[PDB]
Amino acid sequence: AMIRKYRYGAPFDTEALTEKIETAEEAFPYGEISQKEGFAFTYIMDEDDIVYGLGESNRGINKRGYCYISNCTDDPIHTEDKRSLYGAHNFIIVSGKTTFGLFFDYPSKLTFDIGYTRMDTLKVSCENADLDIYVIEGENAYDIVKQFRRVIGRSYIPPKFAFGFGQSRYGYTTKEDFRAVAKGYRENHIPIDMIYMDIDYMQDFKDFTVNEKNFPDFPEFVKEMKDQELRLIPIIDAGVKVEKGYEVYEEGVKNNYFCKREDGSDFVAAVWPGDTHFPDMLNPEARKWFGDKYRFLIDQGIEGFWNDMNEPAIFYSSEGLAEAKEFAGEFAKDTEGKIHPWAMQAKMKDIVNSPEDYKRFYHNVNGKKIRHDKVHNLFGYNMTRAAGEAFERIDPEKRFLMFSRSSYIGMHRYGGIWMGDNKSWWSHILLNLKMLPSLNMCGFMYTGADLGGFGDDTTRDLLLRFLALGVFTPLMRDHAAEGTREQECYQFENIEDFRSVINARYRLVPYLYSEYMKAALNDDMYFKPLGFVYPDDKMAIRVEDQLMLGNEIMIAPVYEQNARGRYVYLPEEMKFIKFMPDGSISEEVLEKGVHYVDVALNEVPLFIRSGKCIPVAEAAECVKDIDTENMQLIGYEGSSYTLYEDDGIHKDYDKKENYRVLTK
């Protein structure tokens, strides 16, 4: 009753929603629609209007003031000018005098001009009027978000161990490499549950293989780690290497499971392995074949995965390569100065992730060929879906760790996401912060960023501040690019400061796991912008560098270099809490209004809301060992907290034994 659906043309069924909504008959209820130059929705915003949403996209929480294009892209440079990152999350909310929600169920290039051209004008446009638009009504943005979360279906739920801390690097290759990470962390009593495995663990970058020479008895090594409560999380790429004798490739060709050129030949894209083919992620039989392959790793005791390059990323195609070589030939023997070095540089740049390549291959959906650009934003989504559905077949009772880079709304049912290739920049702490609530509004609650920054060289202080935000993000992983300064916590002086910040995480795991489960089982948000919780407060609704978590706390991480604190605004009385590096917990009551708070490098801050309290465990070195029996309660007198807690492994969500009321 709160959701109407408007149809334009013959839209590809993305399966984004699980609720079937009938097609409305009356005219579009807001602004104006035009099909003159493709498709365009135009709306004149009131000056006080705020615009939420777009999930994984650039800039702030209020999206007003720039331009966002849904077009999944491999871009390792996340600067303010970028219009397109990895995800496509076409859900927005206009909040103000007139308030309403919109979801553009369209799987291709979609442009959100939100006050870029004219500050008062919101304009969403695409090439083809072949889409469903859902209009969602309600009193406020929060109401509308909850309506939407209901119809897209329950969010993905990770195993409890994934709320531990994870260490990762593009470069870990041998057993010696992984053992050193284990030793570096455990010997220094820094808590940890996960070590990620990047593409070097494969045999020659081949999906669903393991380097035979480095890991002769992989199941043994996996258990060697697991016995220490270190679960190895291997990566899987979208591209399957072209190689004679390689089983995955042979089957994909023989059974026509790969994306094809117009003429029926299997499309070639270069990635890590060199020439590869793409599994036809929109072909259900192809999906099943690919997803079933994960069994190869699961049978070896692997309990989680990350899916990468699944935009799909293309270094070059065979068509592009030949073009670039021809141009290079001309450049080489041009004596007259008619071909400048800049044009050569432009060509080499042009053949990477080229929109022309995305026009060169097709998906086979029930016998029907569909050109990949028309359904581009659905690829990563269906790769992860392929994996998720297979987990359900392979072991229906068990939760697997699973997250992806590229995504579309709907994938939030099968896996989480990580925010891709960020940089060791202080401004990226704020970016990690702001993306969170938006991703929540779109179903994606298991998310986080590469802590310490992925690209470039990080510093000791930048890593510590990142980690202090990571404490609260369900995915909490330190990841680094190749050749960068080493980002492991044991590569810095005074290691005890890192142990203190990560101990903060572990002490909070029962409370953090708790709020996540409750929000996921109730189609609610784990992070909320302050305006969702304090709608009547004009100052609160514009705060962009603080977030509410569940119904108990607010976070305010430090994101300026050399800062010893930050300004915060409290919309009500709260208790300012800091996890101190000696193991103690400091408490101060701060009243409603503006404050400056001191937060040192080795201190983790949070606020506890009036009338609320939270449980805090003693610090433990892995998730299994956290003592949840008689936990300390921090916060206000006379208040209570409802703790959720299950075995963290299976899917038995609806039991009264999972709930425990704690009273301070």
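We number the residues from 1 along the sequence you see.
- Once the C-alpha B-factors are averaged per stretch, 400 to 408 and 112 to 120 rank with 112 to 120 first.
- Higher average CA B factor: 334 to 342, of the stretches 560 to 568 and 334 to 342.
- You'll see in the entry that, of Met309, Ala180, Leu549, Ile152, the Cα B factor peaks at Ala180.
- When the C-alpha B-factors of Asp198, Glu588, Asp461, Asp207 are read from the PDB record, the largest value belongs to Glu588.
- Sorting the modelled residues of the chain by their CA temperature factor places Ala16 in the lowest third.
- Among all modelled residues in its chain, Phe104 ranks in the lowest third by Cα B-factor.
- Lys146 sits in the middle third of its chain by CA B factor, as recorded in the PDB entry.
- Remark: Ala617 belongs to the middle third of its chain, ranked by C-alpha B-factor as recorded.
- In the PDB entry, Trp425 places in the lowest third of its chain by CA B-factor.
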